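Below is one structure, written out as structure tokens; the observations come after it.
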Amino acid sequence: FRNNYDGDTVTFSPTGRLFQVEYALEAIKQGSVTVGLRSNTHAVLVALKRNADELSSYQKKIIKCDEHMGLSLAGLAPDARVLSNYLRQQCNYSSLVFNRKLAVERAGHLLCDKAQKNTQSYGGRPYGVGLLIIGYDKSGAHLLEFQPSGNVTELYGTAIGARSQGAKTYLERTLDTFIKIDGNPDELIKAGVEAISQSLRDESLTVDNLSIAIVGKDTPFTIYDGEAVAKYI
Amino acid sequence: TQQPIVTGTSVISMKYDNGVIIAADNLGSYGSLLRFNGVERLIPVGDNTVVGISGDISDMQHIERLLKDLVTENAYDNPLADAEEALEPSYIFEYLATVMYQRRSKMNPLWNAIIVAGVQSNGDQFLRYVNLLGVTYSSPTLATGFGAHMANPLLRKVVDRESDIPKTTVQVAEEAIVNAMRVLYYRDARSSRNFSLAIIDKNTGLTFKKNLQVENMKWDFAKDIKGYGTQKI
């Protein structure tokens with residue numbers, strides 16, 4: 001068991017499991033925590049960036065995909081780059097060909113299908129990264145959770161990475177409050193920072209440690225780093 | 001590269017205060033042979049868009065099938081396919097424009113001139129032209145073929161600039177369209193008496209009228225015309 005059935009993604013275990021996919025899932029858990037949440041007017045990403053040394057920079061975890069869509073990552077950053085690039089192209093294709101901003105729901109379906117092809121063919125490997133996609137389209141604010149198994153889920157709020165369960169239980173309690181935060185971006189970010197801090201343990205949220213992103217009704221997807229997020233610590 | 005065999009003549013259109021009107025006759029010509037008399041050259045897409053097509057009929061039927069596929073494909077994994085994520089006139093057009101320019105760039109055009117008439121979700125009128133060269137343009141009145149030479153002059157007397165649109169009613173707009181179809185029946189040798197007319201109104205929706213005929217024609221003066229100069233009887 002396990003030993004014999006985890007050599008490649010093309011092999012089912014005797015209980016119907018896909019261990020290579022499950023090992024890829026484990027790369028996300030080792031990844032640094034990031035939180036997503038939304039109301040009816042805005043959607044917010046908050047991420048805890050990780051460094052190597054005190055001499056090193058903090059690995060950026062948020063990537064803009066279009067003016068109305070973007071995502072945060074936990075796991076293999078190179079794989080997030082590939083998937084975010086694909087999403088950038090799909091968003092771009094929709095605009096050029098149909099003059100239409102891509103629905104966040106359709107973006108989720110496209111990621112699912114792209115991840116799935118890597119879980120059924122020989123020689124490849126699953127993607128070793130998880131993604132939280134936020135956006136504002138023709139049906140309002142949206143937040144998605146992408147796992148490299150191919151499973152994509154629309155949520156009000158969630159978290160991924162190490163110790164992400166803390167932030168997730170907080171949001172699960174705070175649900176009725178933060179969903180009502182309409183027409184107030186600062187207050188949604190506060191609720192996102194209070195959630196991300198639930199997953200802390202090692203350190204405190206410093207100025208070059210924290211990264212935040214916001215998208216909404218009259219707000220293009222925009223990333224905040226450094227002194228721009230000093231007012232939230 | 002090709003040559004058109006079975007052809008449709010003018011497509012004419014204009015916008016009015018609350019929407020757009022578009023008309024085209026029911027003829028499929030074969031050179032100077034008036035071959036087919038039951039050809040519908042207005043293609044409705046959903047409840048908000050009508051595409052009028054002139055030129056090669058074999059290509060028109062191909063474009064017709066592309067539009068049906070667009071509706072099908074749009075409804076896939078789309079819970080809001082008949083609401084917020086339904087097809088807009090602008091999406092239909094941009095898709096067609098893309099195809100028309102790519103085909104001309106491959107030296108293998110769809111040998112047509114297309115007018116997409118409709119109403120966007122926000123209530124705005126949509127009226128835009130595209131043809132075998134991939135050339136696009138918008139105007140308060142649009143027409144293809146002979147309609148460009150004879151209908152536009154008459155339709156522009158009603159709506160000469162943007163500011164004439166809110167002043168123009170459905171009744172006045174429709175009468176102007178119907179008069180233009182009579183004028184084209186007088187002077188276009190590839191025209192038919194029978195035509196279809198479509199109104200797309202931001203309040204009253206899509207009104208499709210089939211089996212219209214040119215009426216109230218002036219011919220009586222012809223009896224007084226004898227000879228070609230000097231002949232009296």
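Each chain in the structure tokens gets a letter, A, B and so on, in the order shown; residues start at 1 in every chain, and ligands are counted from 1 in the order they appear.
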
inquiry  = Quick one: residues within 12 Å of range 213-228 of chain B, only C-alpha atoms, excluding same-chain residues fewer than 2 positions away - as a list in words?
reply    =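 Surrounding residues, per the criterion: residues 23, 24, 25, 26, 175, 177, 178, 179, 180, 181, 182, 183, 184, 185, 186, 191, 192, 193, 194, 195, 196, 197, 209, 210, 211, 230, 231, 232 and 233 of chain B.
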
task = Using only C-alpha atoms, determine which residues of chain B fall within 6 Å of chain A; present them as a VMD selection string.
result = chain B and resid 91 94 to 95

How would the residues just chosen look if you wrote them out with N, CA and C atoms as a PDB file, in the first residue's frame?
```pdb
ATOM      1  N   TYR B  91     -21.088  41.435 -27.719  1.00  0.00           N
ATOM      2  CA  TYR B  91     -20.305  40.186 -27.733  1.00  0.00           C
ATOM      3  C   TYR B  91     -20.484  39.474 -29.068  1.00  0.00           C
ATOM      4  N   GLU B  94     -18.455  41.468 -31.736  1.00  0.00           N
ATOM      5  CA  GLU B  94     -17.005  41.388 -31.605  1.00  0.00           C
ATOM      6  C   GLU B  94     -16.499  40.023 -32.044  1.00  0.00           C
ATOM      7  N   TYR B  95     -17.288  38.988 -31.768  1.00  0.00           N
ATOM      8  CA  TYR B  95     -16.983  37.632 -32.211  1.00  0.00           C
ATOM      9  C   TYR B  95     -16.983  37.552 -33.731  1.00  0.00           C
TER      10      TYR B  95
END
```

ask   = Can you tell me, as number ranges by chain, what residues are no more than 8 Å from residue 145 in chain A when counting only C-alpha atoms, ignoring any on the same chain fewer than 6 positions away?
value = A: 130-133, 152-155, 158

message = Set the distance at 7 Å and use only C-alpha atoms: which residues neighbour residue 20 in chain A once local chain neighbours fewer than 6 positions away are removed? I'd like the list as JSON, numbers by chain.
response = {"A": [6, 8, 9]}

Just the selected residues (N, CA, C and O atoms), exported as a CSV table (one decimal), in the first residue's frame, please.
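Saved result, result.csv, follows:
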```
chain,number,residue,atom,x,y,z
A,6,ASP,N,2.4,5.2,-5.5
A,6,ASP,CA,2.6,6.6,-5.5
A,6,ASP,C,3.7,7.1,-6.4
A,6,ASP,O,4.2,8.2,-6.4
A,8,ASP,N,3.6,7.6,-9.8
A,8,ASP,CA,3.2,8.5,-10.8
A,8,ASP,C,1.7,8.7,-10.7
A,8,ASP,O,0.9,8.0,-10.1
A,9,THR,N,1.2,9.8,-11.4
A,9,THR,CA,-0.1,10.3,-11.3
A,9,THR,C,-1.2,9.4,-12.0
A,9,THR,O,-2.4,9.6,-11.8
```

key: Point-to-point distance from CA of residue 97 in chain B to CA of residue 44 in chain B, Å rounded to tenths   =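 These atoms are spaced 17.1 Å apart.
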
Nearest residue to residue 20 in chain B from the set B:133, B:81, B:189, B:50 (distances using only C-alpha atoms) = B:50

ask   = Expressed in Å to a single decimal, how great is the separation between CA of residue 164 in chain A and CA of residue 118 in chain A?
value =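 So the two atoms, CA of residue 164 in chain A and CA of residue 118 in chain A, lie 25.9 Å apart.
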
remark   = residue 182 in chain A proximity check over A:42, A:166, A:115, A:207, using only C-alpha atoms: winner is A:42

Find the spatial neighbours of residue 29 in chain B, counting only C-alpha atoms, within a cut-off of 9 Å - ignore same-chain residues fewer than 5 positions away - and output them as a CSV table (one decimal) with N, CA, C and O atoms, in the first residue's frame.
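Resulting contents of result.csv:
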```csv
chain,number,residue,atom,x,y,z
B,5,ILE,N,-22.0,33.0,-55.0
B,5,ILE,CA,-22.9,32.4,-55.9
B,5,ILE,C,-24.3,32.9,-55.6
B,5,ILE,O,-24.9,33.7,-56.3
B,6,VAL,N,-24.9,32.3,-54.5
B,6,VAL,CA,-26.3,32.7,-54.1
B,6,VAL,C,-26.2,33.9,-53.2
B,6,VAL,O,-25.5,33.8,-52.2
B,7,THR,N,-26.8,35.0,-53.6
B,7,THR,CA,-26.6,36.3,-52.9
B,7,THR,C,-27.8,37.0,-52.3
B,7,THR,O,-28.9,36.9,-52.9
B,8,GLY,N,-27.6,37.7,-51.2
B,8,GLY,CA,-28.7,38.6,-50.6
B,8,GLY,C,-28.2,40.0,-50.8
B,8,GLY,O,-27.1,40.3,-50.7
B,9,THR,N,-29.2,40.9,-51.1
B,9,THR,CA,-28.9,42.3,-51.4
B,9,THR,C,-29.0,43.1,-50.0
B,9,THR,O,-28.7,42.5,-49.0
B,34,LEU,N,-33.6,35.5,-60.1
B,34,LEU,CA,-34.2,35.7,-58.8
B,34,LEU,C,-34.6,34.3,-58.3
B,34,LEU,O,-35.8,34.0,-58.3
B,35,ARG,N,-33.7,33.6,-57.8
B,35,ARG,CA,-33.9,32.1,-57.6
B,35,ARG,C,-34.7,31.7,-56.4
B,35,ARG,O,-35.7,31.0,-56.6
B,36,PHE,N,-34.4,32.2,-55.2
B,36,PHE,CA,-35.1,31.8,-54.0
B,36,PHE,C,-35.8,32.9,-53.3
B,36,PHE,O,-35.3,33.9,-53.1
B,37,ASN,N,-37.1,32.7,-53.1
B,37,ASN,CA,-38.0,33.8,-52.6
B,37,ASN,C,-38.4,33.6,-51.1
B,37,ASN,O,-39.0,34.5,-50.5
B,190,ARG,N,-31.8,43.5,-58.0
B,190,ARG,CA,-31.6,42.2,-57.3
B,190,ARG,C,-32.5,42.3,-56.0
B,190,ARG,O,-32.1,41.6,-55.0
B,191,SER,N,-33.6,43.0,-56.0
B,191,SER,CA,-34.4,43.2,-54.8
B,191,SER,C,-35.7,42.4,-54.9
B,191,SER,O,-36.2,42.2,-56.1
```
